[PDB]
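Visitor: Residue numbers (PDB author numbering), protein chains in the order written: chain CO, 287 to 429; chain DQ, 13 to 267; chain DD, 103 to 153; chain Da, 10 to 43; chain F7, 77 to 227; chain Cn, 148 to 188; chain FO, 2 to 217, 283 to 333; chain DU, 15 to 227; chain CQ, 10 to 235. Where is the CB? At the ideal position from N, CA and C, for every residue including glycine.
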Amino acid sequence: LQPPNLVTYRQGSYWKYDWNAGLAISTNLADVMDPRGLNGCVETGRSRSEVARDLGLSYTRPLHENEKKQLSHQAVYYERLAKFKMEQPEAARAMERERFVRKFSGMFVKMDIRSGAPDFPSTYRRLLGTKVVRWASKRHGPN
Amino acid sequence: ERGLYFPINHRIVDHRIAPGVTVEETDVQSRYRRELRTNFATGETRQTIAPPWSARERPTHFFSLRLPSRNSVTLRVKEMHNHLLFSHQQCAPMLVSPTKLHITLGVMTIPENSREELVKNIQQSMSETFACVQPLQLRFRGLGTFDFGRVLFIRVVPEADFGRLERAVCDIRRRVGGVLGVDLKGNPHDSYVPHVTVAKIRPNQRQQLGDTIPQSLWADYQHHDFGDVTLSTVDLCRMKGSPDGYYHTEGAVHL
Amino acid sequence: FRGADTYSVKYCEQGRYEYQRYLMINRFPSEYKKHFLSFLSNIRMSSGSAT
Amino acid sequence: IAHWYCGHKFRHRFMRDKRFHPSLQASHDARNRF
Amino acid sequence: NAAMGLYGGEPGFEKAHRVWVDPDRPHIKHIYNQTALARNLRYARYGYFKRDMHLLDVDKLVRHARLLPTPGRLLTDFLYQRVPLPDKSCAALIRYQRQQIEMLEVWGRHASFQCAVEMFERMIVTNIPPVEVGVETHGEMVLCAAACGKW
Amino acid sequence: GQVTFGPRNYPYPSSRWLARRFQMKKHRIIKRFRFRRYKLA
Amino acid sequence: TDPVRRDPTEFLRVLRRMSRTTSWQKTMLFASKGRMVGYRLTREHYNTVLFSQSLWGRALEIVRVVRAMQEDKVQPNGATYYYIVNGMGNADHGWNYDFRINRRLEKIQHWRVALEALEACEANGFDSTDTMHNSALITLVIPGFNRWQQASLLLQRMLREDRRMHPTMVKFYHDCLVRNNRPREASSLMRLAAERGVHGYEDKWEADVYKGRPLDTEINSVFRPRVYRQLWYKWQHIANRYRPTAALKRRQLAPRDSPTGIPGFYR
Amino acid sequence: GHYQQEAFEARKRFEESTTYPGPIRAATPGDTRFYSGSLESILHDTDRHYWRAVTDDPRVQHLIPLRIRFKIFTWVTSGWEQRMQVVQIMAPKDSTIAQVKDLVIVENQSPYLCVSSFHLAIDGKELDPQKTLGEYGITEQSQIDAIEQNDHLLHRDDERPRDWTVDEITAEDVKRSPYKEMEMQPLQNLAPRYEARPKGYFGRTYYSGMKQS
Amino acid sequence: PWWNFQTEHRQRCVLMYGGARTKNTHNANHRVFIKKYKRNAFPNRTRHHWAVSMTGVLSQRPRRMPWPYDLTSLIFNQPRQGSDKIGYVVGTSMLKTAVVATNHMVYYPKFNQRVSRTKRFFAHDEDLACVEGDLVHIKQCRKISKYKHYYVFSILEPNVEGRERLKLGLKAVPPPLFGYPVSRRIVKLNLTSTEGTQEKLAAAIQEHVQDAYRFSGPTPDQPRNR
RNA sequence: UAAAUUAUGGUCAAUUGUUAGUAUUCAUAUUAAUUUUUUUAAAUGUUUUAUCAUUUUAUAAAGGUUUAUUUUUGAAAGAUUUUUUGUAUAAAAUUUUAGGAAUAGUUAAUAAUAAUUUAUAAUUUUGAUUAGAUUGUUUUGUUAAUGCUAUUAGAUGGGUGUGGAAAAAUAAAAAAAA
Ligand SMILES: [Mg+2]
Ligand SMILES: [Mg+2]
């Protein structure tokens with residue numbers, strides 16, 4: 287039951303067969319897992335993860351090695367930084383000076399709409415050819 | 013130049029300050045990401061909130077799912093302890109003994125003056141509520157923190173028999189704290205989250221072992237798989253393990 | 103001919119505001135909180151000294 | 010049908026329109042039409 | 077298209093030149109593809125490789141191909157095209173026969189082992205073109221015999 | 148070109164007279180290409 | 002391949018046509034493939050390739066083809082040195098959006114290549130025109146890196162050789178001097194330019210203020291070779307040769323719903 | 015004013031109350047991370063992004079946002095001006111002044127603020143680094159500042175940073191820490207752009223809390 | 010007076026009695042396309058513009074319009090257009106994300122029928138619950154990244170098979186064996202041995218130089234004679 | 001699986017070209033528009049003030065964008081006064097070319113990190129990215145009509161970043177502190 291092709295699979299048509307066959311949603315969810323923490327509160331708007339953390343549950347899928355390594359590396363960040371800043375303030379202060387002057391010496395230090403645009407090349411395309419040269423493609427993501 | 017001029021992660025506005033003093037009067041400078049780190053990342057699990065009156069007196073007894081020493085979780089945590097000791101030798105006092113592992117389902121404080129009549133009712137209620145439930149199977153994986161990192165426990169993800177376990181523990185709370193007056197740390201209408209404590213900092217050990225367990229100790233094992241364990245017994249026990257070298261036996265039901 | 107005689111006589115028999123049905127307009131919880139706070143502030147006071 | 014749109018002959022315009030036909034729209038059953 | 081040509085229009089510089097991929101060490105993801113004008117699945121089967129049978133890896137062809145014929149007729153085709161067969165080529169043929177030996181049952185592989193020994197007899201009587209029956213080929217044949225249980 | 152230019156419901160694939168004008172073009176194209184191929188060879 | 006296209010004279014003529022009317026990529030790829038498969042490349046082929054490489058002003062391709070010539074053991078003439086020094090001088094460079102157009106120039110070190118090419122062209126017995134020296138000085142001084150001592154030595158050599166000075170290299174050297182804070186050298190350059198009569202610096206003459214003392283992202287501009295906007299220049303002068311400051315735009319040379327002819331107006 | 019005292023009294027009586035089975039964890043929800051508007055706005059621990067019409071039970075705050083006010087000599091084009099910066103730390107309920115100092119020096123994230131040893135003081139009174147916030151009665155509304163080692167003589171021009179407007183900066187001075195960040199040489203792009211205000215921005219006199227006209 | 014004839018127009022300053030005063034934009038203009046490129050040398054490499062191309066986003070013919078009457082709007086009372094979307098999660102390779110394929114609907118009045126167009130979205134999820142195959146519901150929220158403005162609200166269908174495969178350690182879904190074509194020209198499998206690698210390279214380079222020679226154009230009928 | 005009626009109700013759908021064996025909407029009509037008989041400029045000094053200054057005066061055409069243009073009440077309206085309450089940069093859908101293939105300071109996590117972190121990254125044959133064309137979702141013309149055929153003016157990078165908001169370098173049918 288390997289997916290036929292990546293082009294069709296990306297658009298979510300491989301799993302669309304279950305939808306088309308009438309077996310779209312039939313699993314008896316309560317038996318396989320607790321359904322109390324698999325939904326979201328409409329009144330508050332908090333997501334399923336928020337509901338799970340409020341109820342003390344954790345619906346975490348089995349993880350490969352790379353994601354666990356990423357999680358550990360991101361978790362160790364504050365512990366490393368707290369001791370590094372105390373032990374070796376020289377390099378930390380040098381980096382802080384560099385960032386402090388970099389914020390002055392940059393592009394659009396003011397947080398206007400132009401700088402606030404999350405996707406600058408996609409939003410401003412008419413100046414992407416003759417005014418700017420930094421970007422070569424007008425879009426880089428799905429949107 | 014590396015990415016967006018104003019990253020989304022840095023567009024933080026603080027509403028704890030007065031509205032008109034941040035623009036001109038002063039500028040607040042702090043790292044706001046640490047407090048917004050999610051409970052999933054930081055390992056915090058929302059434990060049942062205890063009322064102030066019940067949060068003062070220390071607990072006396074607790075329900076647990078008694079397990080044989082051969083069970084898979086015991087040797088998984090044994091290997092975890094071996095790795096922790098090999099990496100750092102200073103966390104041994106924080107780490108608990110492998111033979112003192114139980115799956116807690118509830119904690120309560122029975123006064124010693126009138127304990128004799130209450131324990132009989134508790135054990136008969138446990139027997140009458142477990143005369144029908146078949147032995148449970150629970151898959152243990154993940155790490156969590158209680159009491160602001162004071163207690164380190166193995167998470168219990170939802171799985172088969174977990175719904176039956178939570179229904180049974182709700183029924184137990186109703187039949188123990190509801191009809192007869194016993195000080196449950198949580199609420200009778202609330203459900204206690206099962207867990208097995210792998211590490212814990214005692215209040216007497218708080219003097220020299222810091223204020224919380226650093227996350228780097230269990231960061232690599234935060235999502236480790238400890239496997240599936242079958243439980244077929246329940247025990248109401250007391251915090252006395254040193255004399256007999258094992259869990260104190262106060263009440264037992266062979267589920 | 104756009105005259106009134108072209109329009110139906112039944113247009114004149116209806117009561118006031120009976121043409122409008124019931125609407126179910128729901129918003130985000132954040133928008134609900136914002137609107138509730140704004141309306142509460144307006145009820146408490148709508149202008150400096152002309153309220 | 011404007012003569013400048015697509016080719017000089019009208020069948021050019023009709024073939025150009027046929028690529029936007031809802032019944033023949035690109036999907037799993039009909040893909041890589043061009 | 078940035079490396080070759082600026083915008084296009086100049087003939088011969090629109091489509092990327094022919095790309096050759098090693099299936100054992102693929103330099104692309106999802107080598108096979110489905111497109112109206114880029115159907116390459118049919119160009120990765122037996123029959124297209126007869127043009128370059130004088131210089132190819134028979135072991136790799138056995139490892140990854142489509143509608144591959146029987147090993148006996150494959151050897152017959154090689155002999156009829158008069159391509160010299162080195163030691164690794166003979167070993168590849170013998171292991172291609174052994175991977176059918178293994179698929180066949182333990183008690184039902186006698187006929188296939190007889191086919192293998194007939195193939196070895198033909199190989200040793202090949203004469204021209206020069207067929208290199210080497211130590212690796214003998215090892216592959218002994219492995220096939222061990223799989224068949226004919227000690 | 149369109150060899151089968153016969154009218155609607157024509158009981159034959161094409162027209163004999165119409166087919167000759169296409170056969171002549173095909174023959175001329177093939178002949179000139181073959182002659183050029185031979186010259187460049 | 003048929004013998005008509007296999008004939009190397011056809012290879013030479015098609016390579017020359019490709020160099021006359023295509024981009025650098027076409028010529029470089031075709032020449033490299035031809036050298037790989039038969040088609041013994043000669044000094045004429047190498048000069049034709051270097052023509053397009055210099056026209057497009059690229060340094061990595063020029064050093065690659067120079068290494069290829071060294072491997073093939075072909076003795077070049079002065080045209081090769083002229084082409085390589087002109088390509089070095091015409092190499093693109095620009096500070097756009099706090100981002101340099103070419104980050105490879107610092108690693109390539111095209112200034113040393115230009116200097117050694119000029120020295121070899123002089124030493125081997127070939128003529129040395131003003132353009133090669135001006136291009137070498139342009140390579141020495143650009144907004145990218147500061148190399149003013151060697152540029153001053155080259156300018157002294159030009160002064161004693163009575164060679165002409167180009168306004169582009171004069172402007173680049175002046176900007177480099179004022180950026181390195183050498184107003185004395187900037188004043189000397191201004192005096193030299195005013196005396197010569199360069200179009201840009203005909204009027205600009207200043208008195209000497211250092212009369213009693215003896216000797217001892284920044285820039286935001288974009289520079290590309292002529293070929294990039296030659297079509298724009300040609301059409302601008304064809305349309306309006308009587309109003310040079312007109313900003314030739316759309317609909318001036320093509321009606322609505324019709325191509326303007328030039329693909330990639332204003333890059 | 016009234017809010018703090020009434021909240022304290024309510025918390026006191028809530029603690030004193032003994033007939034309470036405890037709040038329902040499922041019934042009491044937490045704050046959500048997803049909401050409308052493209053701004054991540056943090057509120058108090060008792061405020062929610064969603065509309066919560068019911069007043070929840072009071073809780074003891076385990077994380078006080080201590081806000082420490084540092085002096086900062088920003089460089090305006092007219093001259094050096096001394097202004098105020100706020101560093102916010104999240105300290106536990108029983109954090110000693112030693113760990114408070116550790117938190118402020120680890121979360122200052124400014125090159126100039128933590129240049130030398132300093133002592134925390136409130137309304138001009140120094141804080142003993144041995145006792146915790148419980149002894150001082152420090153709440154989230156307490157105003158805490160810091161006094162450095164050399165802020166008692168900042169009135170001297172030698173201690174004050176030397177601007178190029180009035181003071182001469184030497185070749186050895188341009189290699190120092192702040193004067194390297196500042197650039198006396200006007201670059202073509204002018205990389206170190208700073209806040210500028212006119213000399214007559216405040217009139218003939220400087221900024222003051224009283225009237226001098 | 011649009012309803013009046015050309016000769017009946019006594020004046021054009023105002024509408025005397027009533028109606029619609031509309032500008033008479035001249036549609037019959039006879040726009041002309043000017044051919045500025047050779048037939049086989051159009052600068053673009055994929056799409057060729059050889060005639061007047063119709064311009065418009067919604068005014069083009071045949072008419073195409075959004076259709077807010079679909080499954081998502083039938084199920085949900087969306088506060089904003091497209092606030093909530095139901096789709097299958099396809100692709101879980103970025104941490105704390107879940108790529109969902111949700112299909113909207115476009116209506117063609119001319120044919121009086123609708124078709125569904127599939128669009129992909131990046132949905133943020135915590136605790137990594139979204140596994141390949143889950144039928145999820147997502148909603149709009151605050152901007153999270155450059156291309157993340159949706160978040161999962163509930164997992165309607167859990168992918169039990171994917172979760173069990175992950176527990177066993179295998180991937181949630183086997184990778185497809187067919188992907189995007191890297192180039193238009195077919196990709197031929199290379200099977201040459203080490204000795205024949207150089208010969209195969211020579212053949213490939215000869216083919217490439219022949220393709221480059223194709224740039225020259227048609228070969229002349231008369232061979233070049235000097 | 002029954003008829004209707006206490007009788008036209010709830011307000012107008014209507015097609016016109018004298019051909020030429022037959023097949024197929026294709027020469028000549030009508031309406032709308034362009035075209036000849038000469039219809040048809042976009043004005044030059046804005047103003048006040050505490051004087052070598054300060055205060056008031058914010059979207060015209062220039063640059064070619066089809067997964068795209070989105071934001072404030074800090075000025076003003078604005079009021080006994082002080083004081084106070086709130087925001088907002090994000091989205092979703094519709095997106096052109098006769099002969100159709102790869103695109104890129106790049107995705108996500110982390111943070112007021114990383115020109116040098118971690119990761120099996122992201123875009124695209126459900127037609128992407130460059131290129132050509134055209135100022136985007138209330139405008140017309142034709143017809144009885146699901147169609148076909150039109151429409152406009154204006155958001156083209158920063159670089160001491162003034163201002164509430166850059167829209168800030170000639171261009172009025174805007175009365176601008178008596
Ligand atoms: Mg025409
Ligand atoms: Mg364009």
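What are the boundary residues of the beta strand (DSSP E) that includes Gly118 (chain DQ)?
Guide: As a working note, residue 118 (chain DQ) is residue 106 in the second sequence. Residues 115–121.
Visitor: What three-state label does DSSP hand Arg94 (chain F7) in the structure shown?
Guide: The sequence position of residue 94 (chain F7) within the fifth sequence is 18, counting from 1. Note: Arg94 (chain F7) maps to coil in three-state DSSP.
Visitor: Please report the straight-line C-alpha distance between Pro87 (chain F7) and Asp220 (chain CQ), rounded to a whole angstrom.
Guide: Reading the fifth sequence from its first residue, position 11 is the one you call residue 87 (chain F7). Reading the ninth sequence from its first residue, position 211 is the one you call residue 220 (chain CQ). Approximately 9 Å, taken between the alpha carbons.
Visitor: Give the list of continuous beta strand (DSSP E) stretches no shorter than 3 residues that lie fully inside the region 165–199 of chain DQ.
Guide: When DSSP assignments are scanned along the region 165–199 of chain DQ, no uninterrupted stretch of beta strand (DSSP E) that is 3 or more residues long falls wholly within it.
Visitor: Would you check if there are 3 or more beta carbon pairs closer than 8 Å linking the region 145–160 of chain DU to the region 125–135 of chain DU?
Guide: yes
Visitor: Roughly how many angstroms separate the alpha carbons of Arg14 (chain DQ) and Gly392 (chain CO), rounded to a whole number?
Guide: The residue you call residue 14 (chain DQ) lines up with position 2 of the second sequence. The residue you call residue 392 (chain CO) lines up with position 106 of the first sequence. Their Cα atoms are separated by approximately 12 Å.
Visitor: For the region 157–169 of chain Cn, which residues have a CB atom closer than 9 Å to at least one CB atom of chain CQ, in sequence order?
Guide: none
Visitor: Beta carbon of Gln102 (chain DU), beta carbon of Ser99 (chain DQ): below 8 Å?
Guide: Counting from one through the eighth sequence, the residue named residue 102 (chain DU) turns up at place 88. Counting from one through the second sequence, the residue named residue 99 (chain DQ) turns up at place 87. Contact flag unset, no.
Visitor: Within the chosen definition, does the region 113–133 of chain CQ reach the region 305–317 of chain CO through at least 3 CB pairs nearer than 8 Å?
Guide: no
Visitor: State yes or no: is the C-beta of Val41 (chain CQ) nearer than 7 Å to some heavy atom of ligand 1?
Guide: In the ninth sequence, counting from the first residue as 1, residue 41 (chain CQ) sits at position 32. Result yes, Cβ under 7 Å from ligand 1.
Visitor: Can you grab the Cα-Cα spacing for the pair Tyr221 (chain DU) / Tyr208 (chain DU), in whole Å?
Guide: As a position in the eighth sequence, residue 221 (chain DU) is number 207, starting the count at 1. As a position in the eighth sequence, residue 208 (chain DU) is number 194, starting the count at 1. Roughly 20 Å separates the two Cα atoms.
Visitor: Which residues mark the beginning and the end of the beta strand (DSSP E) in which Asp247 (chain DQ) is found?
Guide: In the second sequence, the residue the question calls residue 247 (chain DQ) occupies position 235. Its beta strand (DSSP E) spans residues 246–250.
Visitor: Would you check if the distance between the CB atom of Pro52 (chain CQ) and the CB atom of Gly123 (chain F7) is smaller than 8 Å?
Guide: Residue 52 (chain CQ) sits at position 43 when you count from the first residue of the ninth sequence. Residue 123 (chain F7) sits at position 47 when you count from the first residue of the fifth sequence. Cβ distance not < 8 Å, so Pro52 (chain CQ) and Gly123 (chain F7) don't count as in contact.
Visitor: Does DSSP classify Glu197 (chain DU) as helix, strand or coil?
Guide: Within the eighth sequence, the letter at position 183 stands for residue 197 (chain DU). Three-state result, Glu197 (chain DU): coil.
Visitor: Starting from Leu150 (chain DQ), follow the alpha helix (DSSP H) in both directions and report where the run begins and ends.
Guide: Here residue 150 (chain DQ) refers to the residue found at position 138 when the second sequence is read from its first residue. No alpha helix (DSSP H) contains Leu150 (chain DQ), which is instead part of the beta strand (DSSP E) from 148–158.
Visitor: Give me the DSSP bridge partner(s) of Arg126 (chain CQ).
Guide: One-based indexing of the ninth sequence puts residue 126 (chain CQ) at position 117. DSSP, once it has assigned bridges, lists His113 (chain CQ) as partnering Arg126 (chain CQ).
Visitor: Of all Cβ atoms in chain DU, is any one closer than 8 Å to the Cβ of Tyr160 (chain CQ)?
Guide: Within the ninth sequence, the letter at position 151 stands for residue 160 (chain CQ). Yes, contact with chain DU.
Visitor: Please go through the same chain and pick out, in chain order, the residues whose beta-carbon is closer than 8 Å to the beta-carbon of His200 (chain FO), but skip the five residues on each side of it.
Guide: Locating residue 200 (chain FO) in the seventh sequence gives position 199, counting from the first residue. Excluding sequence neighbours, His200 (chain FO) sits near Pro168.
Visitor: So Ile328 (chain FO) contacts chain CO; which residues on that side make the cut at Cβ distance below 7 Å?
Guide: Taking the seventh sequence and counting its residues from 1, the one referred to as residue 328 (chain FO) is at position 262. In chain order: nothing, as chain CO lies at least about 13 Å away.
Visitor: Just reading off the beta strand (DSSP E) that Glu54 (chain DU) is part of, what are its end residues?
Guide: Against the eighth sequence, residue 54 (chain DU) aligns to sequence position 40. Element bounds for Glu54 (chain DU): 54–56.
Visitor: Can you have a look at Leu190 (chain FO) and say buried or exposed, based on whether 16 or more other CB atoms are within 10 angstroms of its CB?
Guide: What you label residue 190 (chain FO) is simply residue 189 of the seventh sequence in a count that begins at 1. Buried: at least 16 other Cβ atoms inside 10 Å.
Visitor: Show which residues of chain CQ have a CB atom less than 9 Å away from the CB atom of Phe23 (chain Da).
Guide: Taking the fourth sequence and counting its residues from 1, one reaches residue 23 (chain Da) at position 14. Within 9 Å Cβ-Cβ: nothing; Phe23 (chain Da) doesn't reach chain CQ, min ~12 Å.
Visitor: Where do the N-terminal and C-terminal ends of the alpha helix (DSSP H) with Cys150 (chain CQ) fall, by residue?
Guide: Counted from its first residue, the ninth sequence places residue 150 (chain CQ) at position 141. Counting along the chain, no alpha helix (DSSP H) covers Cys150 (chain CQ); the unbroken beta strand (DSSP E) around it starts and ends at 144–154.
Visitor: Name the residue from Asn168 (chain CQ), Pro167 (chain CQ), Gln149 (chain CQ) whose alpha carbon lies nearest to the alpha carbon of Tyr159 (chain CQ).
Guide: Position 150 of the ninth sequence, counting from 1, holds the residue named residue 159 (chain CQ). Considering only alpha carbons, the answer is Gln149 (chain CQ).
Visitor: Taking the alpha carbon of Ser188 (chain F7) as the point to measure from, which residue in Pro160 (chain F7), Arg198 (chain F7), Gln176 (chain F7) has its own alpha carbon closest?
Guide: Residue numbering aside, residue 188 (chain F7) sits at position 112 when the fifth sequence is read from its first letter. It is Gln176 (chain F7).
Visitor: Can you tell me the Cα-Cα spacing of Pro72 (chain DU) and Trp76 (chain CQ), whole angstroms?
Guide: Start at 1 with the first residue of the eighth sequence, and residue 72 (chain DU) comes out as number 58. Start at 1 with the first residue of the ninth sequence, and residue 76 (chain CQ) comes out as number 67. Rounded to whole angstroms, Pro72 (chain DU) and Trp76 (chain CQ) show a C-alpha spacing of 49 Å.
Visitor: Given a limit of 9 Å on CB to CB distance, which residues of the region 91–102 of chain FO reach chain CO?
Guide: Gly95, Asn97, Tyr98, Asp99, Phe100, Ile102
Visitor: So, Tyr189 (chain CQ) versus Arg6 (chain FO), is the Cβ gap smaller than 8 Å?
Guide: Counted from its first residue, the ninth sequence places residue 189 (chain CQ) at position 180. Counted from its first residue, the seventh sequence places residue 6 (chain FO) at position 5. Their beta carbons are not under 8 Å apart, which means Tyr189 (chain CQ) does not touch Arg6 (chain FO) by this criterion.
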